[PDB]
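Novice:
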Amino acid sequence: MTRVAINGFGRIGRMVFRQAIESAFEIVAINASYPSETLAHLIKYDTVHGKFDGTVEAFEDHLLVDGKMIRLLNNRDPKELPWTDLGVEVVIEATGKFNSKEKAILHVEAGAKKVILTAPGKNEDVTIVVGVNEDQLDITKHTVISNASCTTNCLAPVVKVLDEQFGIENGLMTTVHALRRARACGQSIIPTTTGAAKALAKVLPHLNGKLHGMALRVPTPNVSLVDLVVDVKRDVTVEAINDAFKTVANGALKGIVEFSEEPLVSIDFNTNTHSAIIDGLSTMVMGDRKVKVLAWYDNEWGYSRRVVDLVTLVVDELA
Amino acid sequence: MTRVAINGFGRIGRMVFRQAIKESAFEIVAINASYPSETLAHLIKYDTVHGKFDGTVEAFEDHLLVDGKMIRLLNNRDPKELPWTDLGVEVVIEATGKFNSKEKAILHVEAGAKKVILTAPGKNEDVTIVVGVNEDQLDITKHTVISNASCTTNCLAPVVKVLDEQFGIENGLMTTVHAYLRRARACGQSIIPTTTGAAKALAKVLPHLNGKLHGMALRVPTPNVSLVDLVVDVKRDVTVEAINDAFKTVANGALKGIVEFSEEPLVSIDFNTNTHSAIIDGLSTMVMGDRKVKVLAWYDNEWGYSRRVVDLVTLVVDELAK
Amino acid sequence: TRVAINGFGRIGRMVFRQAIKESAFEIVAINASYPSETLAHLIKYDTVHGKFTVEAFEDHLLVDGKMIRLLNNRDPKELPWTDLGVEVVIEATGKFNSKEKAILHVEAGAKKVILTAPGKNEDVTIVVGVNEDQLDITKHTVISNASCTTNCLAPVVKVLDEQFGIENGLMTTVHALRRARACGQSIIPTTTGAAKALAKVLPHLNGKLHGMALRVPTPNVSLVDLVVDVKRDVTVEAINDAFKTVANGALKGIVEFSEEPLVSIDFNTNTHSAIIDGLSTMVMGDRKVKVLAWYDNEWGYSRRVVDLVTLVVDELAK
Amino acid sequence: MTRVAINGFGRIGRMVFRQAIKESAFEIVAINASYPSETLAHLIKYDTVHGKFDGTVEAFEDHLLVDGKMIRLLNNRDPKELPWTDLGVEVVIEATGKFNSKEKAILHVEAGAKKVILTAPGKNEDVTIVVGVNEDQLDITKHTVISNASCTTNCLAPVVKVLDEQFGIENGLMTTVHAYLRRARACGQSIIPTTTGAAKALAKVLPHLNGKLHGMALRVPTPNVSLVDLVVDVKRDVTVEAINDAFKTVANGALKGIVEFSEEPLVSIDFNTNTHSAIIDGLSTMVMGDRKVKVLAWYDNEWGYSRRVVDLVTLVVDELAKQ
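Protein sequences, first through last, are from chains F, E, D and A. Read left to right, the first sequence gives residues 1 to 21, 23 to 179, 194 to 334 (the authors' numbering). Read left to right, the second sequence gives residues 1 to 180, 194 to 335 (the authors' numbering). Read left to right, the third sequence gives residues 2 to 53, 56 to 179, 194 to 335 (the authors' numbering). Read left to right, the fourth sequence gives residues 1 to 180, 194 to 336 (the authors' numbering).
(1) Kindly list, in the order they appear in chain D, the residues whose Cβ is closer than 7 angstroms to that of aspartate 283 of chain F.
(2) Would you say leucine 296 of chain E faces chain A, with C-beta separation under 8 angstroms as the test?
(3) Ends of the beta strand (DSSP E) at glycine 228 of chain F?
(4) What residues in its chain sit with their C-beta under 6 angstroms from that of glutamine 19 of chain D, if we drop five residues either side in the sequence?
(5) State buried or exposed for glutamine 202 of chain E, treating a residue as buried only when at least 16 other CB atoms are found within 10 Å of its CB.
(6) Can you name the start and end residues of the alpha helix (DSSP H) that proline 158 of chain D belongs to?
(7) Using a Cβ-Cβ cut-off of less than 7 angstroms, list which residues of the stretch 260-288 of chain D approach chain F; keep chain order.
(8) Residues of chain E with a CB under 9 angstroms from the CB of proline 206 of chain D: which are they?
(9) Measuring only the C-alpha atoms, how far is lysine 123 of chain D from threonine 209 of chain D?
(10) How about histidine 63 of chain F and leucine 82 of chain F: do their beta carbons lie closer than 8 angstroms?
(11) With a cut-off of 8 angstroms on the beta carbons, I'd call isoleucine 71 of chain D and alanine 30 of chain D a contact; round off their distance for me.
(12) I'd like to know whether the C-beta of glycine 13 of chain D is nearer than 8 angstroms to at least one C-beta of chain A.
(13) Got a sec, what are the start and stop residues for the alpha helix (DSSP H) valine 16 of chain A sits in?
(14) Taking 7 angstroms as the cut-off, does the CB of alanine 255 of chain D come closer than this to any heavy atom belonging to the ligand GTP?
(15) Just checking, does the stretch 282-294 of chain A make contact with the stretch 212-231 of chain D on the three C-beta pairs under 8 angstroms criterion?
(16) List in chain order: all unbroken alpha helix (DSSP H) runs of 4+ residues lying wholly within the stretch 48-121 of chain A.
(17) Quick check for students: name the residue ranges of the alpha helix (DSSP H) that lie wholly in the stretch 225-297 of chain D, counting only runs of 4 or more.
(18) By Cβ distance below 7 angstroms, which residues in the same chain neighbour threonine 235 of chain A in space, the five residues on each side in sequence not counted?
(19) Would you mind stating whether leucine 219 of chain D and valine 160 of chain D have Cβ atoms separated by less than 8 angstroms?
(20) Roughly how many angstroms separate the alpha carbons of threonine 56 of chain F and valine 131 of chain F, rounded to a whole number?
(21) Which whole-angstrom value describes the C-beta separation of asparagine 100 of chain E and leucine 74 of chain E, a residue pair presumed to lie in contact below a C-beta threshold of 8 angstroms?
(22) According to DSSP, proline 220 of chain F sits in a beta bridge with which residue or residues?
(23) Quick check: is the beta carbon of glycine 201 of chain E nearer than 8 angstroms to any beta carbon in chain D?
(24) On the CB-based measure, 16 or more other CB atoms within 10 Å of its CB, does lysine 269 of chain E come out buried or exposed?
(25) Give the DSSP-derived three-state secondary structure of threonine 327 of chain A in the structure shown.
(26) Between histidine 143 of chain E and chain F, is any beta-carbon pair separated by less than 8 angstroms?
(27) With which residues is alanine 41 of chain A paired in a DSSP beta bridge?
(28) What are the boundary residues of the beta strand (DSSP E) that includes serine 147 of chain D?
(29) Is there a Cβ of chain D sitting closer than 8 angstroms to that of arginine 72 of chain A, yes or no?
(30) Would you kindly work out how many angstroms separate the C-alpha atoms of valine 245 of chain F and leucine 173 of chain E, rounded to a whole number?
(31) For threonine 128 of chain D versus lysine 22 of chain D, is the C-beta spacing smaller than 8 angstroms?
(32) Give a yes or no on whether the C-beta atoms belonging to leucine 156 of chain A and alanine 211 of chain A are separated by under 8 angstroms.
(33) Using C-beta distances below 6 angstroms, list every residue in its chain close to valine 253 of chain E, excluding the 5 sequence neighbours before and after it, in chain order.
(34) Alpha carbon to alpha carbon, how far is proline 36 of chain F from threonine 152 of chain E?
(35) Can you tell me whether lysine 115 of chain F is buried or exposed, with buried defined as 16 or more other CB within 10 angstroms of its CB?
(36) Grab me the residues of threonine 176 of chain E's own chain with a C-beta within less than 6 angstroms of its C-beta, minus the 5 sequence neighbours each way, in chain order.
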């Protein structure tokens, strides 16, 4: 098994951690800013997903989980982290403060072969959205690897399907999310930019300049949605579009993409592990070409499972 | 001074009242509500959203007072028995939402009222009027039971008009994002997808546009301001500046005070208590492929709307004389 | 025996969900204004508690292969209890909390009415874990389960009374004219009857306790914040131990003692009437105690209904 | 006439500013923030909770115009490095939250400023003032770094002061319901109980009450109004009417403008942009056993406090001149 390390224990760090403790590899370390007592608690009790299906026990310099030992490091400098020291092949980077390669390469300085960013990268070797472009992963070329963002992860797979089947002329989109970002979240809809359409240039390059978007932050706890109005190149029906997605979910994108025929609300998708959950009842078609598709996604649960999917894959290509 | 009454005292009725008392062109006389005098007074005075009432109120067994004026109160569940001919009231603003069917709302008429105005999309109604749009299709002689449609339609109809007239419209899909079936579920923690009638309502006020616009809604747990987010294909080449300019011009012009263009990076709460039917978010306008166009329209789903209601009520008042 | 739920609001919904995992009785019928396809859904999918087999039909349902009949009526006297052979009716609309109203059920052929709210002139009020032994099947027909707040306060306030004795109390309940206003923005101060009601389940505590409610914008979990002066010297450890004991003891399953540091949403889908927040307990000058108890205002209370319903059924059976 | 400067532009600095600029007794001539003028401008202009700024604001490169008054902008993370000397700056309102030690706060003085005022409770500060309570215990010659405590302490202390003067206090417990380990957790869903320093703090402002009161906090997701729920035992016999009169009297009196008595059936949002330290919710006063008393006091946990800051800043200014 291959030793992995999580760096930072924010929300993503925690969720990733949670579903990671899987066969293909093993988490042997966390570098965090919180004392064993506190990590301990965070792992076990969840504000959004409930309570920990496993077991947890706190100690001075390390942690135990299901009898699995985890050393606890507190260093804000990756240069000084002991990977090669600790047998650490791959670093999962959840701090969000080293998102740039120049600054992320320090994990490799310090004895780690690979860094996987749980956010969008700067000057990274590659960006991989699982279910879409993963063939593009070249193990001998790439060291710092981006998982993109959770919106990109929802958008790319959806947009991919449309384009393969019906072709994409162009499209506009709105990510309804759970500068102006300064402002109080609780009383407001907050409009803003999104990078997730610009990110497509990285994982789906034929689609360059074809899609643009924006975000609306709203005061809802967990589940977000992508609202996508695209024009296609050939005649389609509500029916034909929904069946593309029905097909693919039983198919190539099983576990990446879900089709929901059923009338649910955003919180029904709490703790769903797909990147995109197509809301079948909201598919619209105008003039046989113009297409609206709504896709739900959990902001953390889905994303983090694609992080473990990616980590699994890298671990697999080192072997 | 034309004598008018408000049936029902929901948020609409309350909010209409608030700025209606403050309109001179007609005078408010009566009301009908299930609320006791002390209660109604409080309701006028304190508001969670728009803040404290500008003015002064006082409370009595069967009547009120506001800012120097006498208002009668009734509790009559039934329109017919409603004592209209007596208090001598021409026009009944129907805000209860129980009487939006022509027949139902024709009782006010029978009971001595002339013309009656629905603060909601009406059924089998003589006429639906969105102000800034078709307010011209109102013939006082032909129409008695009149609807002001829904506040969403009042945001969407003006935007869609400016685009149609200027660039022509091909197709559109709108999503509406509503501040507070699937509707049975608890909306506090949820984004609730649902249907909207605002796109089909256009058939009533903008008939050349039938079948061109369809849409849906998203209810979010936000207190007041809502938005319409529209994606249309237009009939000729446009840009961001061109679109945005069309809205600036019209907000200085013929749509003055109906439609507003905002250039700033604001957030939904900032349009709180705003009186425009549609507030265009200028930084949000986008154009793809020269044809496809995103527009964002903020609207306060109580305040803007209930201003058009005063508006609609005073036209009828300015007719009916003539 | 055969039980009917009148009303299918949030309360009736949770009761029903809880009942189905019970052998003691079987819910045969629901009266309510919803369509079956909707009713199916409300059941099948829960906003707060997560998720549930089900299927629908014009006039009836199938939950776990079991036939639930669906009525839609607003007058109870005209419901077919006798026809349906329903002995006990769970009154969850809370339109009928007055008794002279709650009886229409009795005239429609139902033996016993169980109010999921405080009664008005009810034959008795029952808080399970406190006064249930005061239930007399002979004399008592319309029976009130009190409120979810009364079900938190009463098991906590007696444990305190028996062990240390109570002198005085003021309390605040923090709930998830003034009532009318939007709950979404504000803290809404309002009245509570939960203190007044002890006078019907713990009469010795009469006018020793008063209270008020703070309505706050949170989805499910509520808390009671109680400041009592007791009759003898205590310590935080003394008080917290009374609860730990009672939670393994007579009040097991009704009351629970939580030692870990948690927030309200942690107590979601918890069946207990009161969950003591052991890290919040305070003592001032030996006699003045602060206790904080969480309660799921739906789940817990609901389970206390299935417990009351269960009791009454057994009692009839004898 | 006395040039004042705000250091930091968060909710508090901003709210303080918004209120200060409208004050005659003294002058806001500079702001030190990490933010570029265009944003400061937008932040003063548009307020999410309190609404839109009553007035006018223009952003320029190195400064602003606010109600036609020139406010110099600074961005230097180093108090030592600020030209309080050249700008003629006597008092510095310190709102960043980072300089709350006296070790740190004193710099603004090393940099040429007479007095510093912390918009939080102080760590090893010279003095802590709650206006309406301990004001006159300010000593200009011996006190350099002054603390205005927290918003809660500011609610608790006038209230507790009132009850004690009239009825005497034996014992108290309290709960603060706060708007906006356990603090770690996600806030939008839950009632989060936590600790509160508001009761210890009374040790600095009303020392004789030391040991008599303790409290806790309950954080709930509401925009901006907070409350103090107080259960206290008094030394002598009271009625609901007696208590409520003590506050009615005080509010027309010694505490006018600090303490309000609300008789009306109101909810928390009705007190938004109220300037008082505590608003007594008169319909919630209870008395059990003639002795045990419950009082509820609302406070706007930005706007009231902010105003106190300006009251305290005003007070400092009026001494320097008294020299």
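Think of the CB as a built atom: it goes at the ideal place given N, C-alpha and C, for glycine as much as any other residue.
Specialist: A quick look at the data gives this:
(1) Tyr46
(2) no
(3) 226-232
(4) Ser319, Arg320, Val323
(5) buried
(6) For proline 158 of chain D, the uninterrupted alpha helix (DSSP H) segment begins and ends at 153-167.
(7) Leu279, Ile282, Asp283
(8) At a C-beta separation below 9 angstroms, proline 206 of chain D has no neighbours in chain E, since its nearest C-beta there lies roughly 14 angstroms away.
(9) 15 angstroms
(10) no
(11) Between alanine 30 of chain D and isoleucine 71 of chain D the Cβ distance is about 7 angstroms, and since that is below 8 angstroms, they are a contact.
(12) no
(13) 11-20
(14) Among the ligands in the structure shown, none appear at all, so the ligand GTP cannot be discussed.
(15) no
(16) The stretch 48-121 of chain A contains these whole alpha helix (DSSP H) runs: 102-105, 107-110.
(17) 253-265
(18) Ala179, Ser281
(19) yes
(20) 30 angstroms
(21) No, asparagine 100 of chain E and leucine 74 of chain E are not in contact; Cβ-Cβ is about 20 angstroms, not under 8 angstroms.
(22) According to DSSP, residue pairing for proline 220 of chain F in a beta bridge does not occur.
(23) Closer than 8 angstroms to some Cβ of chain D, the Cβ of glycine 201 of chain E qualifies, so yes.
(24) Exposed, since its Cβ has fewer than 16 Cβ neighbours within 10 Å.
(25) helix
(26) no
(27) Its beta-bridge partners do not exist; DSSP assigns none.
(28) 145-147
(29) Interface residue (Cβ-Cβ distance to chain D less than 8 angstroms): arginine 72 of chain A is not classified as such.
(30) 10 angstroms
(31) no
(32) With respect to the 8 angstroms criterion, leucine 156 of chain A and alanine 211 of chain A are classified as neighbours on the basis of their beta carbons.
(33) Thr298, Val300
(34) 52 angstroms
(35) buried
(36) Listed in chain order, the non-local C-beta contacts of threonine 176 of chain E below 6 angstroms within the same chain comprise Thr152, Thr209, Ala230, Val241, local neighbours out to five positions each way being set aside.
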